[PDB]
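Asker:
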Amino acid sequence: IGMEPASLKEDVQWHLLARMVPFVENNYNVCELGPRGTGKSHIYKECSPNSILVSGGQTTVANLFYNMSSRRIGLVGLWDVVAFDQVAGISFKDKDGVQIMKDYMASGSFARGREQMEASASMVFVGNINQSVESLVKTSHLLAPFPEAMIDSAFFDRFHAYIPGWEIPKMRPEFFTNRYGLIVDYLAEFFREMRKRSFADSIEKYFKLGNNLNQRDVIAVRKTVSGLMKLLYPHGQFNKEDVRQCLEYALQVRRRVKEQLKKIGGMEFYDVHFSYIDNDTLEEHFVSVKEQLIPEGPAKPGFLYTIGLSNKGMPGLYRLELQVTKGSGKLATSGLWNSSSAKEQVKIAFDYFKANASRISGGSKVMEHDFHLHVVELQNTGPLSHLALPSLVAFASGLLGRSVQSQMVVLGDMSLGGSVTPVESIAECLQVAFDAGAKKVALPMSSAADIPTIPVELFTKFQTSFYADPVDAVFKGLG
Amino acid sequence: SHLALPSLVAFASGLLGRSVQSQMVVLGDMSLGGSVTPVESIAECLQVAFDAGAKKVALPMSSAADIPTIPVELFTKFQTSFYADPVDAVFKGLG
Amino acid sequence: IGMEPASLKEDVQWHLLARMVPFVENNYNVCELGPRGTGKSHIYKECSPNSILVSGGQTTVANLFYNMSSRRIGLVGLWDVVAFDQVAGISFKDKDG
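From first to last, the protein sequence lines stand for chains W, B and S. Each residue of the first sequence is one higher than the one before, starting from 843 at the first, in this note's numbering. Each residue of the second sequence is one higher than the one before, starting from 737 at the first, in this note's numbering. Each residue of the third sequence is one higher than the one before, starting from 252 at the first, in this note's numbering.
Following this line, the structure appears as structure tokens:
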């Protein structure tokens, strides 16, 4: 492609390979946003006779898809890569453009005029970023620079990959090699020939996808893995570690899109904890996003941290987030590791909250608001079962609209009748809370019997709070 | 006579212009070098704090060894803070 | 061009050569701003049959680059120098222009 690999890090090389992926996998939608000058448009414009760089993004549906009057297939029937440069300015005279593209990317075949025709063009969306990535993450979602008419969850859900164009360094003449390399025509013919094969099923030999991946996530990760496998191993002889590397990269890039979909679409896309399970040793690996435990100060109201022994008995810290909208008292749950025990714990907690609303809220009606509660694990320890009491705490914190105090982890569990339960392994719970950064702990009164079991240096760091009934637990945790 | 640490917290609050946390009673004392002393009559002092309306208490870390001597019902009434050195006592007091 | 070299400074002569430079390099972009009446637009209009002076600047994208309706290339495929006069008001109705 004309670059000097010696001056680029290995992750940068992998991003450059992900740039080549659209050529080698049929119908591979991908979007790449990055700072100017990172050489995004070079490959699609100069180094391939089977790609077209549609300048300005301003195309017409008859031009791109099907000219009914001339009965001629659009761009997608001619080019294997269609790259929309400077995506930020795209606006369609034909509002069908977004719908037709959604159908094409979701299915690969589109119906126009009198026929349903299939085309294998892979669509790439190249965009320029003006602001810092961290500001874009904190104040908005990463897909902000795309046009407003194109910011749809159903639209972005098709994207088989988002590329982190910021991690590739700004291009410099030092990055251009002077050594021998493959002929660009040879390379492009190689890509076009490799389009005919399939490597998406190589993962099933060694790995299995996690439970957080729905059907479209499976499709995206399979396609990206197949593209990378074709680029790196055309011969077909490869080991388990290579498949692991490719699968890690694919899950990471798809996970980025999944985070953006979460931020833009709310309840639908909380299942973002992408992970994969080895087939041999059955152990599970999690993949995060590089560009993105308990910070100081009061977090947003309805957001708390609880600690509890997992299914494996080890202490783990979970963060519970509640979103409150005007509704009919509906309860929505997510991130519960599809565990029925935690689901029922939260159900009993909300039942108590409805039954005891006036005592805590001072007049607020629970039935007039709908609540969505989500669970995010901070220490990959495992699923939590006991969640009634922290869920009630989050409910009251969100409903009253005042934040949970800084660095409190809420402990103990509650029953339907208002009784509290002692915390098992309180020493390890405090150890983890101090490790996680928690400074203040709220404990049930019945737990105080095990205060002597806590070593001195660990117990010194906590402004311990003791409550008698769940209402007192709520008031003490809230402040 | 045991007034060194409360005097230090007083100076810190007055100079920095920060109000101390409401309903917090500072216990223990310090030497000139900053060595913290254990709270004498910790249980009785806590009972007096409960009688006067204290909701928060600040204690030396070394005094934690006398926590098992504290009654359970008395101890559950406070948000108990354990500092390490007088400067940490200041930080606990001023929040 | 019709200019008297003896009545012009060497620097001004080199600027005049830079005026001809667009005619001699393929795909050569250049911008010149000057006071009214300095003879900027004379050469691009009168001194060559291989240049065009697109007056006003409000020329459409289909006229300039490509018109899909007729599938015939715009100006840039025909003339070796395209000079936009009065760059202050040049504007495109289409945003992609």
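For each residue, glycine too, the CB sits at the ideal point set by N, CA and C.
Output, in sequence order along the chain, the residues in the segment 893–906 of chain W whose CB is closer than 7 Å to any CB in chain S.
Answerer: Answer set for the segment 893–906 of chain W: 898, 900 and 905.
Asker: Tell me the start and end of each unbroken alpha helix (DSSP H) in the segment 1163–1204 of chain W that is at least 4 residues and wholly inside, in chain order.
Answerer: 1182–1197 and 1199–1203
Asker: Could you give the uninterrupted runs of the alpha helix (DSSP H) lying entirely in the segment 870–958 of chain W, keeping only those of 4 residues or more?
Answerer: Complete alpha helix (DSSP H) runs here, min 4: 884–887, 903–906 and 938–949.
Asker: State the DSSP-derived secondary structure class of residue 832 of chain B, mapped to helix, strand or coil.
Answerer: As shown, chain B starts at 737 and ends at 831. That puts residue 832 of chain B outside it, with no answer to give.
Asker: Quick check on residue 861 of chain W: buried or exposed, where buried means 16 or more other Cβ atoms within 10 Å of its Cβ?
Answerer: Indexing the first sequence from 1 puts residue 861 of chain W at position 19. By the neighbour-count rule (16 or more Cβ atoms within 10 Å), residue 861 of chain W is buried.
Asker: Where does residue 1004 of chain W fall in DSSP's three states?
Answerer: Counted from its first residue, the first sequence places residue 1004 of chain W at position 162. In this structure, residue 1004 of chain W counts as strand in the three-state DSSP scheme.
Asker: For residue 953 of chain W, count the other beta carbons within 10 Å of its own beta carbon; 16 or more makes it buried, fewer makes it exposed. Which is it?
Answerer: As a first step, residue 953 of chain W is located in the first sequence; it is residue number 111 there, counting from the start. Its Cβ having fewer than 16 others within 10 Å, residue 953 of chain W is exposed.
Asker: Count the other C-beta atoms from every protein chain shown that fall within 10 angstroms of the C-beta of residue 747 of chain B, then say buried if there are 16 or more, exposed otherwise.
Answerer: To locate residue 747 of chain B, count along the second sequence from 1; it is residue 11. Per the 10 Å Cβ criterion, exposed.
Asker: Taking only beta-carbon positions, decide if residue 1247 of chain W is within less than 8 Å of chain B.
Answerer: Your numbering for residue 1247 of chain W matches position 405 in the first sequence. Not closer than 8 Å to any Cβ of chain B, the Cβ of residue 1247 of chain W fails to qualify, so no.
Asker: In chain W, which residues lie with their C-beta within 9 Å of the C-beta of residue 778 of chain B?
Answerer: Within the second sequence, numbered from 1, the residue matching residue 778 of chain B stands at position 42. Ordered by position in chain W, no residue passes the 9 Å Cβ test against residue 778 of chain B, which lies about 14 Å from the chain.
Asker: For residue 1280 of chain W, which of helix, strand or coil comes out of DSSP?
Answerer: On the first sequence, residue 1280 of chain W is found 438 positions in, with the first residue counted as 1. Reduced to three states, the DSSP call for residue 1280 of chain W is coil.
Asker: Rounding to the nearest angstrom, what Cα-Cα distance links residue 948 of chain W and residue 967 of chain W in this structure?
Answerer: Here residue 948 of chain W is taken as the residue at index 106 of the first sequence, counted from 1. Here residue 967 of chain W is taken as the residue at index 125 of the first sequence, counted from 1. Near 16 Å, if we compare the C-alpha coordinates of residue 967 of chain W and residue 948 of chain W.
Asker: Counting only the same chain and skipping the five closest in sequence on each side, list residues whose C-beta sits under 7 Å from that of residue 1306 of chain W.
Answerer: Mapped onto the first sequence, residue 1306 of chain W falls at position 464. For residue 1306 of chain W, where only same-chain residues beyond five positions count, the Cβ hits under 7 Å are 1283 and 1285.
Asker: Nearest CA to the CA of residue 1303 of chain W: which residue from W/1116, W/1269, W/983 and W/1318?
Answerer: As a first step, residue 1303 of chain W must be located in the first sequence, where it is residue number 461. Comparing Cα-Cα distances from residue 1303 of chain W to each of W/1116, W/1269, W/983 and W/1318, the minimum goes to W/1269.
Asker: Looking only at its own chain, which residues have a Cβ that is under 6 Å from the Cβ of residue 759 of chain B, when we skip the five neighbours before and after it?
Answerer: Counted from its first residue, the second sequence places residue 759 of chain B at position 23. Taking C-beta separations shorter than 6 Å and ignoring five residues to either side along the sequence, the partners of residue 759 of chain B in its chain run 790, 791 and 792, following chain order.
Asker: Could you tell me the distance, in whole angstroms, from the CA atom of residue 898 of chain W to the CA atom of residue 265 of chain S?
Answerer: For the purposes of this step, residue 898 of chain W is identified with residue 56 of the first sequence, where counting begins at 1. For the purposes of this step, residue 265 of chain S is identified with residue 14 of the third sequence, where counting begins at 1. Computed Cα separation, rounded: 37 Å.
Asker: By the 10 Å Cβ neighbour count, where 16 or more other Cβ atoms means buried, how is residue 1044 of chain W classified, buried or exposed?
Answerer: For the purposes of this step, residue 1044 of chain W is identified with residue 202 of the first sequence, where counting begins at 1. Buried, because 16 or more other Cβ atoms sit within 10 Å of the Cβ of residue 1044 of chain W.
Asker: Count the CB pairs spanning the segment 969–985 of chain W and the segment 843–858 of chain W that are closer than 8 Å, and state whether there are at least three.
Answerer: no
Asker: Inspect the CB distances between the segment 873–881 of chain W and the segment 899–913 of chain W and report whether three or more fall short of 8 Å.
Answerer: Short answer: they don't touch.
Asker: Pull up the distance between the alpha-carbon of residue 1159 of chain W and that of residue 782 of chain B, whole angstroms please.
Answerer: Position 317 of the first sequence holds residue 1159 of chain W. Position 46 of the second sequence holds residue 782 of chain B. If I take the Cα positions, the gap works out to 33 Å.
Asker: Between residue 815 of chain B and chain W, is the shortest Cβ-Cβ distance under 8 Å, so that the two count as touching?
Answerer: By one-based count along the second sequence, residue 815 of chain B stands at place 79. Output row for residue 815 of chain B: interface = yes.
Asker: Would residue 331 of chain S count as contacting chain W if we go by Cβ distances under 8 Å?
Answerer: Locating residue 331 of chain S in the third sequence gives position 80, counting from the first residue. So no, residue 331 of chain S is outside the interface.
Asker: Is residue 1373 of chain W helix, strand or coil by DSSP?
Answerer: Since the first residue of chain W shown is 843 and the last is 1321, residue 1373 of chain W is not available in this structure.
Asker: Quick check on residue 1048 of chain W: does DSSP put it in helix, strand or coil?
Answerer: Within the first sequence, numbered from 1, the residue matching residue 1048 of chain W stands at position 206. Helix, per DSSP.
Asker: Find the nearest neighbour of residue 994 of chain W within the set W/1023, W/955, W/976 and W/940, judged by alpha-carbon distance.
Answerer: Sequence index remark: in the first sequence, residue 994 of chain W carries index 152 (1-based). That would be W/940, whose Cα lies nearest to the Cα of residue 994 of chain W.
Asker: Between the alpha carbons of residue 1373 of chain W and residue 1000 of chain W, how many angstroms are there, rounded?
Answerer: Absent from the model: residue 1373 of chain W. The displayed extent of chain W is 843 to 1321, so no value can be given.
Asker: So which residues on chain S does residue 931 of chain W lean against when the C-beta distance must stay under 7 Å?
Answerer: Within the first sequence, the letter at position 89 stands for residue 931 of chain W. Within chain S, the residues near residue 931 of chain W are 346 and 347.
Asker: With which residues is residue 761 of chain B paired in a DSSP beta bridge?
Answerer: Counting from one through the second sequence, the residue named residue 761 of chain B turns up at place 25. For residue 761 of chain B, which the question treats as bridged, DSSP gives the partners B/793.
Asker: Can you find a CB in chain W that lies within less than 8 Å of the CB of residue 319 of chain S?
Answerer: Locating residue 319 of chain S in the third sequence gives position 68, counting from the first residue. True, the Cβ-Cβ gap to chain W drops below 8 Å.
Asker: If you draw a straight line from the C-alpha of residue 1224 of chain W to the C-alpha of residue 1188 of chain W, how long is it?
Answerer: Stepping through the first sequence from its first residue, residue 1224 of chain W is reached at position 382. Stepping through the first sequence from its first residue, residue 1188 of chain W is reached at position 346. Each residue's alpha carbon lies about 18 Å from the other.
Asker: For residue 1208 of chain W versus residue 1229 of chain W, is the C-beta distance shorter than 8 Å?
Answerer: Walking along the first sequence from the start, residue 1208 of chain W turns up at place 366. Walking along the first sequence from the start, residue 1229 of chain W turns up at place 387. No, the Cβ-Cβ distance between residue 1208 of chain W and residue 1229 of chain W is not below 8 Å.
Asker: What's the gap between the Cα of residue 985 of chain W and the Cα of residue 1311 of chain W?
Answerer: Walking along the first sequence from the start, residue 985 of chain W turns up at place 143. Walking along the first sequence from the start, residue 1311 of chain W turns up at place 469. When rounded, the distance between both Cα atoms is 46 Å.
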